[PDB]
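In the form deposited in one PDB entry, a lone chain appears below as structure tokens.
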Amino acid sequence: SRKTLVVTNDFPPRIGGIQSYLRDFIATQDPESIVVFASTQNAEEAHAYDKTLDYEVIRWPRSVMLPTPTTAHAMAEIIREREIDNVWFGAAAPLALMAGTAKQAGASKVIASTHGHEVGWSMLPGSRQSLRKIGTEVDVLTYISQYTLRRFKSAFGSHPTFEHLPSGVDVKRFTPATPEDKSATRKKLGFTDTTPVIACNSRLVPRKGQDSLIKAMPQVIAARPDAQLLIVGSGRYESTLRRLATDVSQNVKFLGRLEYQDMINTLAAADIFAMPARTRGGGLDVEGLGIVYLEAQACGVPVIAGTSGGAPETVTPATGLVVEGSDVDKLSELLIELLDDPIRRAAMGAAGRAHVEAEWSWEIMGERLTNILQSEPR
């Protein structure tokens, strides 16, 4: 078995996107074949977290791990002491600038994972040159969507092999609701078995299209007067969303940031999941992939996704629909059409569940990572 050193500034107990990504990917591998080299934000909290793991974490006694001679030296000595075959930079920019040292230390394969930030790095002359330097020294560059790949591929260059490695979804936690649980969840919310329920789980920011959803509601409500739009999450755009929803107040619920299981129960009890993501910020405010769409499909719920970035890549014609959020007439039409067809909804949700089990689970994605880490270098 090939042994992997994960080099990262982004590791639990700190909460975040890359932290969750690495935690869950590492858990899919043989713990004996994994070593982590991570920065330390709070010493006692890090020690307490590492104590719970079945694999080794070597803590760098700095609040931020940066590409410096001292960090590179420490990485190099771990590579040799633990007989490391693969060096995996959990986030490419800027730590994968130490990839040269990793090969010097005797590693036979260097992997670096990109996420969202590298897209913006391809827009500036200096940051683009850094991306090229990473590309020239990295054997495998992973990406979350075909969209992000298109945005930064030319910057990295042709030296590395490019591999699709997005986050998976937990198909045991995100699972279709039993009739009992679905009925009870609705009653908890003050609804019934007959209530039309549209769920939107996402941070409350303009690009997620909660505003687009709210603007589509008047037509939805006219057709189905008891239809409820559930806005689940928190963010700075909340006050604007509430103002937008003023004339549809009886049919729009701001539930705030729900507890993890409560969010899942609410999601699984919905008739439709909708999040019409749009690209903003001059092309830089973009949906990299959209794990919420995979979570919905995992719960057996029909999806309406937006046109932004990698969002359309999460669904198939069998599982979901892609729409431009600002198209009020089409969005409301799609919502009414689906709400009025429970058979189509049942078929779409079933297809959603099958889709993620076949292509998006942590079991499937874990296998993808195993293939990268266990294959002989080219």
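Note that residue numbering begins at 1 and tracks the sequence as displayed. Only the largest set of C-alpha atoms that superpose within 1.5 Å between the two forms is called the rigid core. Only residues modelled in both forms are compared.
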Quick one: say whether 219-227 or 123-131 has the higher mean Cα B-factor in the deposited entry. 123-131
Mean Cα B-factor check, 274-282 vs 231-239, entry values; winner is 231-239
So if I compare the CA B-factors in the entry for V292, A269, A245, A72, which one is the largest? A245
Sorting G300, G209, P196, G116 by Cα temperature factor from the record, which one lands on top? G116
What third of its chain, lowest, middle or highest, does the C-alpha temperature factor of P160 fall into? highest
Among the chain's modelled residues, which third holds the C-alpha B-factor of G288? highest
Chain-wide C-alpha B factor ranking for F254, given as lowest, middle or highest third: middle
Grab the CA temperature factor for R345 from the record and place it in the lowest, middle or highest third of its chain. middle
Lowest, middle or highest third: where is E32 by Cα B-factor in its chain? highest
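Below, we turn to the form deposited in another entry, even though it does not appear here.
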Of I221, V119, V140, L230, the one whose Cα moves 2 Å or more between this form and the one not shown after core superposition: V119
I want to verify one pair: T101 and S122. Are their C-alpha atoms nearer or more distant in the other form compared with the form I supplied, knowing the change is 3 Å or more? farther
Shorter or longer C-alpha distance for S122 and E163 in the other form, given it differs from this form by 3 Å or more? farther
Core-referenced shifts between this form and the one not shown - contiguous stretches of at least three, CA at least 2 Å: 119-126
